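Numbering (PDB author numbering) for the sequence shown: 4 to 125, 127 to 261. In this text, a Cβ means the ideal position worked out from N, Cα and C, and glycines have one as well.
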Amino acid sequence: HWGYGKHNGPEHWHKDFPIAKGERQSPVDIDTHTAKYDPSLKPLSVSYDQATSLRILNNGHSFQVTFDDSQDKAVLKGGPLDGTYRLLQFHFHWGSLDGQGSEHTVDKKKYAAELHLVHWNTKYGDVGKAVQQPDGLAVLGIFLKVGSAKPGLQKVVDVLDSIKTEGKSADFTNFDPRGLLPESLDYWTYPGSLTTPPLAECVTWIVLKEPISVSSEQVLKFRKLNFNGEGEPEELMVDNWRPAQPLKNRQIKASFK
Ligand SMILES: NS(=O)(=O)c1ccc(O)c(NC(=O)NCCCCO)c1
Ligand SMILES: [Zn+2]
C-alpha cells in the first residue's frame with residue numbers, strides 16, 4: 004500500500020495509479036513572475052459561519068477534521084468557481100524540518116506545512133460522484149510558516165495526543181475553520197488533481213498568497229503523530245507531502261497584481 008517511504012512513496016505511486024503521470028497533476032511550483040493576473044477572476048466567497056465539525060481522525064497519511072456536508076452549511080463560492088462547493092474536511096501536509104513540508108511551492112520555496120480545505124461541487129450530489137468530474141472539487145490551500153502561534157489552530161493541536169496512531173478518531177465538535185484563514189484572500193488558481201492516491205484529476209486549486217504563522221510548538225505536535233497503527237513499529241508522521249509535478253499545458257492565474 005502507498006505511503007511516503009523509500010519503497011512506497013511518490014515515485015512509486017504511478018504503478019498502482021497510472022494517472023500519476025497525467026496531464027493535470029498536483030502539486031506544482033507556482034512561478035510568481037509567470038502567473039498571469041486575470042482581472043475577470045472574482046473575489047473568493049468563504050461562508051463558514053454555520054460549519055459543523057464532527058470528528059478528527061488519523062488516517063495513516065495525515066490527520067483530518069470532517070464536517071457535516073449534508074446541507075449548505077460551510078461553502079466556498081466565487082473566485083474561479085461556478086456554483087457552490089461544500090466543505091467536507093480539512094487536513095495538513097508537513098515536514099520533518101521547517102524548510103520543507105508544503106506540497107505547492109512558490110518560486111521553488113517550500114513552506115513548513117500546507118493546509119488543504121476540501122470542498123465538492125453540489127451539482128454532483130456527493131463527493132464520490134464529484135471526484136469523477138473535472139470540476140468536481142475545489143481545494144483551498146494555505147501555507148504555514150513557523151513564527152508566532154496561530155490561536156485558531158490550538159484546539160486542533162491539543163487533541164492530537166488522542167489520535168497518535170493510524171485509525172484513531174475523536175469527537176471534534178464546534179471547531180470554527182475561520183480561525184485558520186489569513187487576512188487576505190488573494191490567490192493563485194489552476195486545474196489539477198488530488199495530491200494523494202487516487203490522484204484523480206478533479207480539482208480546481210485555489211492557493212492563497214498569504215501564509216499563516218504557527219509556532220514551533222504547534223508544528224512539533226504535528227511531528228509527534230505516527231504513520232503506523234497502535235502496536236506496530238513507530239514511524240513518525242513527517243514529510244507526508246508529494247513533490248511538485250510538471251505543469252505541462254497549464255497556466256496559473258493570479259487574482260491580484
Ligand atoms: N491532498 S488533497 O489533494 O487536498 C486531497 C483531497 C481530497 C482527497 O479525497 C484526497 N485523497 C484522499 O483522501 N485519499 C485517501 C486514500 C484513498 C485512495 O484510495 C486528497
Ligand atoms: Zn492535501
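Cβ separation of residue i and residue j, assumed to be a contact under 8 Å, to the nearest whole Å
| i | j | result |
| --- | --- | --- |
| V207 | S197 | 6 Å |
| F70 | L44 | Not really, about 26 Å apart at Cβ, beyond 8 Å. |
| residue 262 | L203 | Because the chain in this structure spans residues 4 to 261, residue 262 falls outside the shown range and cannot be described. |
| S65 | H94 | 4 Å |
| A116 | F231 | Not confirmed; about 16 Å, so no contact. |
| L212 | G145 | 7 Å |
| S56 | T177 | 6 Å |
| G8 | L47 | Not confirmed; about 36 Å, so no contact. |
| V160 | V68 | 7 Å |
| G102 | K111 | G102 to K111, Cβ: 12 Å. No contact. |
Under 8 Å between C-beta atoms of residue i and residue j
| i | j | result |
| --- | --- | --- |
| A77 | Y51 | yes |
| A174 | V163 | yes |
| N253 | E170 | no |
| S99 | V242 | yes |
| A54 | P181 | yes |
| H107 | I210 | no |
| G156 | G183 | yes |
| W245 | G25 | no |
| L148 | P201 | no |
| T193 | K261 | no |
| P250 | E205 | no |
| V135 | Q92 | no |
| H17 | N11 | no |
| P30 | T199 | yes |
| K133 | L229 | no |
| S259 | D190 | yes |
| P21 | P247 | no |
| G63 | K127 | no |
DSSP bridge partner residues for residue i (one or two, in chain order)
| i | result |
| --- | --- |
| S217 | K149 |
| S48 | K80 |
| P195 | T208 |
| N124 | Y88 |
| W97 | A116 |
| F66 | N61 |
| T108 | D32 |
| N230 | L240 |
| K9 | Paired residue(s): none; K9 is not in a bridge. |
| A258 | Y40, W192 |
Give the residues whose C-beta lies closer than 6 Å to at least one heavy atom of ligand 2, in chain order. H94, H96, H119, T199
What are the complete beta strand (DSSP E) segments, minimum 3 residues, inside the segment 134-180? 141-150, 173-175
What runs of the beta strand (DSSP E), each 3 residues or longer, lie entirely inside the segment 14-58? 47-50
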